[PDB]
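**Q** Can you keep this structure in mind? I'll have questions shortly.
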Amino acid sequence: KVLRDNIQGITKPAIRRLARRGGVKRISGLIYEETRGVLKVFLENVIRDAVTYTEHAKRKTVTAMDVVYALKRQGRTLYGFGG
Amino acid sequence: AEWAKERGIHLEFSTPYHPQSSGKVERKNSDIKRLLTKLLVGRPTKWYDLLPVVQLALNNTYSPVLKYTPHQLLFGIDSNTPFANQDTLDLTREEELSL
Amino acid sequence: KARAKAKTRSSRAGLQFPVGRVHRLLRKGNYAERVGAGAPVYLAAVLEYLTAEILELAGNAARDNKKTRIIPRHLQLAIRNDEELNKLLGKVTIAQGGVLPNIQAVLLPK
Amino acid sequence: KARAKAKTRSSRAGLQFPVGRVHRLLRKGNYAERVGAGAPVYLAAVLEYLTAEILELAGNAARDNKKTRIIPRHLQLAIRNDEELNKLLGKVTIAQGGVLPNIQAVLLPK
Amino acid sequence: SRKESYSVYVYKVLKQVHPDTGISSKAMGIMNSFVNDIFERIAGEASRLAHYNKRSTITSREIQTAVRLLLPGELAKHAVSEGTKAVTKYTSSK
Amino acid sequence: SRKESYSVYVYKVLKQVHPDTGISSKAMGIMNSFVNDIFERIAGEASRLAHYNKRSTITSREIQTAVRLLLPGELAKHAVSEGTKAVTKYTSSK
DNA sequence: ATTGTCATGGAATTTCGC
DNA sequence: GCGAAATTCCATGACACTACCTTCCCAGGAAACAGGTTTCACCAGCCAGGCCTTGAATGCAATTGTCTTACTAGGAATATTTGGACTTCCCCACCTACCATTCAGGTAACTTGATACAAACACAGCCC
């Protein structure tokens, strides 16, 4: 199923609100075309590593431990969902 | 083979890929797997318990075309088993060796 | 017939984390072929010291913000408050936590 | 008696890295309990593609600087010249190499 | 079927230093997955300590070195001495 | 005693694509230790693929997934197809 | 410088009764 | 001589090292999920005005960069001296493999219990 224009779903306040959690007061208007780029790099290195686990067990559902196993691979461990 | 030359064992080997050459052992393995099969019906196969049974249950099965025990053809008289012959107790053991 | 009183090996060492369950997770995880009898004892203790040290610190932050139960924000905040606990989990995201309160003291208003 | 001609499994697949030596480094490294007969074949090929791809690129830098043998500087410089070879070894120091020649083009003289 | 866990063995530690304290479900899973991760760091460094010294044996010495590597500074002083109590108590028994 | 190595099997690859090329001693050890490291990444990810799917068996399928994880992008397209040639050639033999 | 076999149930056979 | 009973006969089959592997079935349930409807509230998108921050232009001051010299210590080669890692050989205790026995935990259920959230009115802290 194909639904495009959804890198533009990461809206303009929801990058500002993520900026405020990092402790950032004033931002530019050109981070919005940088953040959407660095985000899709990070999801093209997790979903590419997650699907090769789900294809390997011949599952059609990328389950909760799969993503945690992908994040185990990169060296960014996620607790709380298992694994 | 180096142990076998100590005892005086003449080792004999079958022709390869020919299990028919070893005659009786391929028959009694169809006996042991028809005694241990029959004992172990309807329970977990704990067959290490039943091995002193098998070399006393098969060794007192009459050969039905020879009409003797394996005990009698090996020793000469039955041991204290159920249903043992008294037909040899009418004889002298000092003379039934050559019988 | 009966047998003796089965005393668990977690009660024979004064721990709380099991040693029977740890000793079958060193022979079904292919870590090595032989696993000593004292190794899952010694490992269930180190799993028990470090489970206290978070929850000791997670108890305080629950108390300092007037809470009965420890929600993950406290686990988020008990970690990264302690220095040496943070250097263990320096790469590790905790789910549903957010970050510590932090301003770089240059963004303060004028 | 004698036996047949011992044909090595590296020659039965058209590779150069062994499969007999790889197949005892999957059963003495405790990776799993059972190791398939095709797995050290398939792994000795991937060890053989990637051993060429450095030395293919390490042959060129030896040639472009008029050298017969490949010293580690060429291995330092064959890596980080190719993009996708660098992203594999992005964390990895190569001994006795130094870095690529690089200036940020702002330090150029005035 | 059966999911093994460390959830029960948290209440046997939570009710040791904070006996009037509950703990939520979604915070159990963190302290559940804290254990399974900090398990296989210590095991998976004791494992690779077996190959580095050519032994097939995980002793209780090798878990001690694989805790003095993962834990930094002041945790590496306590969690060593919080294990050798639980071994010397264990071996004097049985 | 005996140190096993991959040094000999480099000259059987170095003399395939650059037949007029030598290689130094201290550069052999890099391509030696490149192999032993890239060995146990692929094995040590195929190993942990055995536990994740509850099998005791390293197949030649599991090495293929543990190469599509470690190698990025365009190496993951070639080193897969540079293995399935060497298996199909292998299995049609013997 | 080695090779079937042997328990097993119809079924045919022999005993033998008077 | 017929029938009943006691006996010999002979044609035959299974034992040979065994488990996996694949694909379809079954199945119950459940897993949620993918699909879809529904509604309300909220978060995002819109646009402009004011101000503050950044960029630039600059002059200058000291910081830094270069040149030069007396020199200190690093490195290498040496002899030697010394400190040990690993190979070696052997034995014991410890781990394992096993079954039987039993206990404990996980699921599960019914109940209970307790806390957190949502809401409302007010208080306090900081800022314009």
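All residue names refer to the structure tokens as shown: chains lettered A, B, ... in order, residues numbered from 1 in each chain, ligands numbered from 1 in order.
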Which residues, written as a list in words, have at least one atom at most 12 Å from residue 9 in chain A, with only C-alpha atoms (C1' of nucleotides) counted and residues fewer than 2 positions away on the same chain left out?
**A**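 That gives residues 3, 4, 5, 6, 7, 11, 12, 13, 14, 15, 32, 36, 39 and 40 of chain A; 44 of chain H.
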**Q** Just N, CA and C atoms (P, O5', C5', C4', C3', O3' and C1' of nucleotides) for this one: save the residues we selected as a compact mmCIF listing (two decimals), in the first residue's frame.
**A**
```
# COMPACT_ATOMS: atom_id res chain seq x y z
N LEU A 3 1.26 5.37 0.40
CA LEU A 3 0.79 6.67 0.89
C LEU A 3 1.99 7.61 0.94
N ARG A 4 2.05 8.55 0.00
CA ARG A 4 3.17 9.47 -0.13
C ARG A 4 2.89 10.75 0.64
N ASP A 5 3.83 11.70 0.53
CA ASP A 5 3.84 12.98 1.24
C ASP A 5 3.72 12.79 2.75
N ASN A 6 4.35 11.73 3.27
CA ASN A 6 4.33 11.49 4.70
C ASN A 6 5.70 11.55 5.35
N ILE A 7 6.74 11.96 4.63
CA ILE A 7 7.87 12.58 5.32
C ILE A 7 7.49 14.00 5.71
N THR A 11 5.40 17.33 11.34
CA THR A 11 4.94 18.69 11.15
C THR A 11 5.90 19.70 11.77
N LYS A 12 5.67 20.97 11.45
CA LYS A 12 6.51 22.08 11.88
C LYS A 12 6.52 22.32 13.40
N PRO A 13 5.42 22.20 14.15
CA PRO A 13 5.58 22.27 15.61
C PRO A 13 6.18 21.01 16.22
N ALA A 14 5.90 19.84 15.66
CA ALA A 14 6.39 18.59 16.24
C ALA A 14 7.89 18.39 16.05
N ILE A 15 8.55 19.21 15.25
CA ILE A 15 10.00 19.26 15.27
C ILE A 15 10.47 20.34 16.23
N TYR A 32 13.83 22.24 9.37
CA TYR A 32 12.71 21.39 9.01
C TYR A 32 12.99 20.55 7.78
N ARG A 36 13.82 16.15 8.65
CA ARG A 36 13.14 15.13 7.86
C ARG A 36 14.12 14.30 7.05
N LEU A 39 15.97 12.06 9.76
CA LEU A 39 15.04 11.05 10.27
C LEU A 39 14.90 9.89 9.29
N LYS A 40 14.76 10.17 7.99
CA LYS A 40 14.54 9.08 7.05
C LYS A 40 15.82 8.30 6.80
P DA H 44 1.10 19.83 16.40
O5' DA H 44 1.21 19.92 14.81
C5' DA H 44 0.26 19.27 14.01
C4' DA H 44 -0.19 20.13 12.85
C3' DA H 44 0.85 21.13 12.37
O3' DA H 44 0.83 21.19 10.95
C1' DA H 44 -1.15 22.22 12.88
```
**Q** List as a list in words the protein and nucleic acid residues near residue 85 in chain F, meaning an atom at most 10 Å away when only C-alpha atoms (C1' of nucleotides) are counted, but skip any in the same chain fewer than 6 places from it.
**A**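 What passes the distance filter is residues 13, 14, 42 and 45 of chain D.
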**Q** Given the selection you just returned, output its residues as a file containing C-alpha atoms, formatted as a short mmCIF file (atom, residue, chain, number, x, y, z; two decimals), in the first residue's frame.
**A**
```cif
data_model
loop_
_atom_site.label_atom_id
_atom_site.label_comp_id
_atom_site.auth_asym_id
_atom_site.auth_seq_id
_atom_site.Cartn_x
_atom_site.Cartn_y
_atom_site.Cartn_z
CA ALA D 13 32.82 -25.02 -5.05
CA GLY D 14 35.34 -22.95 -7.01
CA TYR D 42 28.48 -19.84 1.66
CA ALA D 45 32.57 -17.17 -0.51
#
```
**Q** Identify all chain D residues at most 8 Å from chain F by counting only C-alpha atoms; ligands do not count. Present them as a PyMOL selection string.
**A** chain D and resi 9+12-18+26+31-43+45-52+55-56+59+68-72+75+84+87-88+94-95
**Q** For residue 8 in chain G, list every protein, DNA or RNA residue within 12 Å, evaluated using only C-alpha atoms (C1' of nucleotides), and leave out those in the same chain fewer than 5 positions away; present the list as number ranges by chain.
**A** B: 63-65; H: 9-13
**Q** So that I can see what lies close to residue 69 in chain A, please list as a PyMOL selection string the residues with an atom at most 9 Å from it, counting only C-alpha atoms (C1' of nucleotides) and leaving out residues fewer than 6 positions away in the same chain.
**A** chain A and resi 49-50+53+77-78+83
**Q** Go ahead and write the residues just picked, N, CA and C atoms, as a compact mmCIF listing (two decimals), in the first residue's frame.
**A**
```txt
# COMPACT_ATOMS: atom_id res chain seq x y z
N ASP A 49 17.18 -3.19 8.57
CA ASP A 49 17.67 -4.27 9.42
C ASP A 49 16.56 -5.02 10.13
N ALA A 50 15.36 -4.46 10.24
CA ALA A 50 14.30 -5.19 10.92
C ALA A 50 13.64 -6.20 10.00
N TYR A 53 15.11 -9.65 9.59
CA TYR A 53 14.78 -10.63 10.62
C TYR A 53 13.41 -11.24 10.38
N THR A 77 20.34 0.46 22.34
CA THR A 77 19.43 -0.53 22.91
C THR A 77 18.15 0.12 23.41
N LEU A 78 17.01 -0.48 23.09
CA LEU A 78 15.72 0.00 23.55
C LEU A 78 15.14 -0.99 24.55
N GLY A 83 13.26 -8.12 24.73
CA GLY A 83 14.58 -8.28 24.15
C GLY A 83 15.70 -7.82 25.06
```
**Q** Chain G residues within 8 Å of chain B, counting only C-alpha atoms (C1' of nucleotides): which ones, as a count of residues only?
**A** 6
**Q** If the cut-off is 10 Å, can you tell me the residues of chain C near chain A, counting only C-alpha atoms? I'd like them as a list in words.
**A**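 Listed by rising number, the hits are residues 72, 89, 90, 91, 92, 93, 94, 95, 96, 98, 99, 100, 101, 102, 103, 104, 106, 107 and 108 of chain C.
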**Q** Quick one: write out the picked residues with N, CA and C atoms as a tab-separated table (two decimals), in the first residue's frame?
**A**
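Contents of the output file selection-v1.tsv:
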```tsv
chain	number	residue	atom	x	y	z
C	72	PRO	N	7.76	4.81	34.73
C	72	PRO	CA	9.07	4.81	34.05
C	72	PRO	C	9.80	6.13	34.04
C	89	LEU	N	24.63	2.71	31.24
C	89	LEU	CA	23.54	2.82	30.28
C	89	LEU	C	23.65	4.08	29.44
C	90	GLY	N	24.88	4.43	29.06
C	90	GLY	CA	25.11	5.65	28.30
C	90	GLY	C	24.56	5.63	26.89
C	91	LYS	N	24.39	4.44	26.31
C	91	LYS	CA	23.86	4.32	24.96
C	91	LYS	C	22.37	4.05	24.96
C	92	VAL	N	21.77	3.85	26.13
C	92	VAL	CA	20.49	3.17	26.23
C	92	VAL	C	19.36	4.17	26.39
C	93	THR	N	18.40	4.10	25.48
C	93	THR	CA	17.13	4.78	25.64
C	93	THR	C	16.25	4.00	26.60
C	94	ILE	N	15.61	4.70	27.53
C	94	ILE	CA	14.52	4.16	28.33
C	94	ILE	C	13.22	4.68	27.73
C	95	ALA	N	12.28	3.77	27.48
C	95	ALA	CA	11.01	4.14	26.88
C	95	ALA	C	10.20	5.01	27.83
C	96	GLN	N	9.41	5.93	27.24
C	96	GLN	CA	8.45	6.79	27.93
C	96	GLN	C	9.06	7.60	29.06
C	98	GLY	N	11.30	10.81	28.44
C	98	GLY	CA	11.78	12.17	28.26
C	98	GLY	C	13.20	12.31	28.77
C	99	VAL	N	13.63	13.55	28.97
C	99	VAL	CA	15.00	13.78	29.41
C	99	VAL	C	14.99	14.43	30.78
C	100	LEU	N	16.19	14.64	31.32
C	100	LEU	CA	16.34	15.45	32.52
C	100	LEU	C	15.98	16.91	32.23
C	101	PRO	N	15.53	17.66	33.22
C	101	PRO	CA	15.40	19.11	33.04
C	101	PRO	C	16.76	19.76	32.91
C	102	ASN	N	16.99	20.51	31.83
C	102	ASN	CA	18.31	21.06	31.54
C	102	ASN	C	18.16	22.30	30.68
C	103	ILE	N	18.81	23.39	31.09
C	103	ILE	CA	19.01	24.58	30.28
C	103	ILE	C	20.50	24.90	30.37
C	104	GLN	N	21.08	25.39	29.27
C	104	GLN	CA	22.51	25.67	29.24
C	104	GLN	C	22.90	26.99	29.89
C	106	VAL	N	22.51	29.99	29.13
C	106	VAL	CA	22.78	31.10	28.22
C	106	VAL	C	21.48	31.59	27.61
C	107	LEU	N	20.48	30.72	27.55
C	107	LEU	CA	19.18	31.01	27.00
C	107	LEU	C	18.25	31.69	28.00
C	108	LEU	N	18.75	32.00	29.20
C	108	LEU	CA	17.98	32.65	30.24
C	108	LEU	C	17.59	34.06	29.82
```
**Q** Quick one: of D:7, D:21, D:27, D:1, who's nearest to chain C, counting only C-alpha atoms?
**A**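 Of the candidates, the smallest distance to chain C is held by D:27.
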**Q** Which parts of range 5-89 of chain F does DSSP call strand (DSSP E) when run on the backbone here, written out as a list in words?
**A**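 Residues of range 5-89 of chain F classed as strand (DSSP E): residues 22, 23, 57 and 58 of chain F.
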**Q** Run DSSP on the backbone and grab whatever in chain E lands in helix (DSSP H, G or I); send it over as an MDAnalysis selection string.
**A** chainID E and resid 8:17 25:52 62:68 75:81 84:92
**Q** Taking only C-alpha atoms (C1' of nucleotides) into account, what are the residues of chain H at most 12 Å from chain C, put as a ChimeraX atom specification?
**A** /H:52,93-96,100-105,114-116,126-128
**Q** Take the residues that were just selected and, keeping N, CA, C and O atoms (P, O5', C5', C4', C3', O3' and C1' of nucleotides), output them as a short mmCIF file (atom, residue, chain, number, x, y, z; two decimals), in the first residue's frame.
**A**
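Full text of again-v8.cif as output:
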```
data_model
loop_
_atom_site.label_atom_id
_atom_site.label_comp_id
_atom_site.auth_asym_id
_atom_site.auth_seq_id
_atom_site.Cartn_x
_atom_site.Cartn_y
_atom_site.Cartn_z
P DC H 52 13.91 42.87 22.14
"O5'" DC H 52 14.95 41.68 22.06
"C5'" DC H 52 14.51 40.45 21.57
"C4'" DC H 52 15.49 39.89 20.57
"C3'" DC H 52 16.96 40.22 20.81
"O3'" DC H 52 17.70 39.14 20.43
"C1'" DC H 52 16.39 40.89 18.67
P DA H 93 39.46 -33.70 45.38
"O5'" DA H 93 38.37 -32.56 45.17
"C5'" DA H 93 38.71 -31.51 44.32
"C4'" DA H 93 37.59 -31.26 43.34
"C3'" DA H 93 36.17 -31.47 43.84
"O3'" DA H 93 35.38 -30.58 43.14
"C1'" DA H 93 36.49 -32.78 41.99
P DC H 94 35.06 -29.10 43.64
"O5'" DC H 94 34.24 -28.54 42.39
"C5'" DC H 94 34.92 -28.38 41.14
"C4'" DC H 94 34.08 -28.91 40.00
"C3'" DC H 94 32.60 -28.83 40.25
"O3'" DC H 94 31.95 -28.53 39.09
"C1'" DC H 94 33.12 -31.00 39.64
P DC H 95 30.78 -27.45 39.13
"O5'" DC H 95 30.29 -27.39 37.62
"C5'" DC H 95 31.18 -27.64 36.56
"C4'" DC H 95 30.55 -28.62 35.61
"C3'" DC H 95 29.02 -28.60 35.57
"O3'" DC H 95 28.58 -28.81 34.27
"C1'" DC H 95 29.76 -30.76 36.07
P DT H 96 27.02 -28.65 33.91
"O5'" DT H 96 26.83 -29.71 32.76
"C5'" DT H 96 27.96 -30.38 32.21
"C4'" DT H 96 27.63 -31.85 32.06
"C3'" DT H 96 26.14 -32.10 31.89
"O3'" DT H 96 25.92 -33.13 31.03
"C1'" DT H 96 26.93 -33.37 33.65
P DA H 100 11.80 -43.11 36.75
"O5'" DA H 100 11.34 -42.98 38.28
"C5'" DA H 100 12.32 -43.09 39.32
"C4'" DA H 100 12.11 -42.04 40.39
"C3'" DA H 100 10.66 -41.63 40.61
"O3'" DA H 100 10.44 -41.38 41.97
"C1'" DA H 100 11.92 -39.75 40.20
P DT H 101 8.97 -41.50 42.59
"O5'" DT H 101 8.98 -40.44 43.77
"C5'" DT H 101 10.20 -39.99 44.33
"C4'" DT H 101 10.14 -38.50 44.58
"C3'" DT H 101 8.73 -37.99 44.84
"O3'" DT H 101 8.74 -37.03 45.86
"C1'" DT H 101 9.72 -36.74 43.15
P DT H 102 7.36 -36.68 46.62
"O5'" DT H 102 7.57 -35.20 47.12
"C5'" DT H 102 8.84 -34.61 47.07
"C4'" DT H 102 8.70 -33.23 46.50
"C3'" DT H 102 7.35 -32.57 46.79
"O3'" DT H 102 7.55 -31.20 46.98
"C1'" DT H 102 7.75 -32.55 44.51
P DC H 103 7.59 -30.56 48.45
"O5'" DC H 103 7.94 -29.04 48.14
"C5'" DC H 103 9.13 -28.75 47.43
"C4'" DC H 103 8.86 -27.73 46.34
"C3'" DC H 103 7.80 -26.68 46.66
"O3'" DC H 103 8.20 -25.48 46.03
"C1'" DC H 103 7.23 -27.72 44.70
P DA H 104 8.90 -24.27 46.82
"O5'" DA H 104 8.89 -23.11 45.72
"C5'" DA H 104 9.57 -23.32 44.49
"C4'" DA H 104 8.74 -22.85 43.31
"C3'" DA H 104 7.81 -21.66 43.58
"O3'" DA H 104 7.80 -20.89 42.43
"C1'" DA H 104 6.56 -23.40 42.72
P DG H 105 8.71 -19.58 42.32
"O5'" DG H 105 8.31 -19.04 40.88
"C5'" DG H 105 8.59 -19.86 39.76
"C4'" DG H 105 7.40 -19.90 38.82
"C3'" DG H 105 6.56 -18.64 38.78
"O3'" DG H 105 6.12 -18.46 37.47
"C1'" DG H 105 5.19 -20.43 39.26
P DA H 114 -5.25 -1.15 50.26
"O5'" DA H 114 -4.35 -0.07 49.53
"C5'" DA H 114 -3.60 -0.44 48.41
"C4'" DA H 114 -3.73 0.59 47.31
"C3'" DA H 114 -4.00 2.00 47.82
"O3'" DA H 114 -3.31 2.91 47.03
"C1'" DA H 114 -5.58 1.45 46.23
P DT H 115 -1.85 3.41 47.45
"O5'" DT H 115 -1.36 4.09 46.11
"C5'" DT H 115 -1.30 3.32 44.95
"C4'" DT H 115 -1.86 4.07 43.77
"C3'" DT H 115 -1.71 5.59 43.83
"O3'" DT H 115 -1.42 6.02 42.54
"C1'" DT H 115 -3.93 5.06 43.41
P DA H 116 -0.02 6.71 42.20
"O5'" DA H 116 -0.27 7.17 40.70
"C5'" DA H 116 -0.80 6.22 39.79
"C4'" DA H 116 -1.91 6.81 38.96
"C3'" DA H 116 -1.76 8.28 38.61
"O3'" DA H 116 -2.28 8.49 37.33
"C1'" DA H 116 -3.78 7.98 39.68
P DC H 126 10.45 32.56 41.35
"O5'" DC H 126 10.65 32.96 39.82
"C5'" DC H 126 9.90 32.28 38.84
"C4'" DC H 126 9.30 33.24 37.83
"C3'" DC H 126 10.10 34.52 37.62
"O3'" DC H 126 10.08 34.86 36.26
"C1'" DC H 126 7.90 35.06 38.13
P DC H 127 11.33 35.61 35.61
"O5'" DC H 127 10.72 36.22 34.27
"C5'" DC H 127 9.57 35.65 33.70
"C4'" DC H 127 8.58 36.71 33.30
"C3'" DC H 127 9.20 38.05 32.93
"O3'" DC H 127 8.49 38.63 31.85
"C1'" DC H 127 7.61 38.36 34.59
P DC H 128 9.28 39.37 30.66
"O5'" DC H 128 8.20 40.35 29.98
"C5'" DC H 128 6.83 39.96 29.88
"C4'" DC H 128 5.90 41.13 30.15
"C3'" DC H 128 6.42 42.50 29.67
"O3'" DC H 128 5.34 43.26 29.14
"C1'" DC H 128 5.88 42.64 31.92
#
```
**Q** At a cut-off of 10 Å, using only C-alpha atoms (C1' of nucleotides), what residues contact residue 57 in chain B? Leave out same-chain residues fewer than 3 positions from it and give the result as a list in words.
**A**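 Using only C-alpha atoms (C1' of nucleotides), the neighbours found are residues 32, 35, 51, 52, 53, 54, 60, 61 and 81 of chain B.
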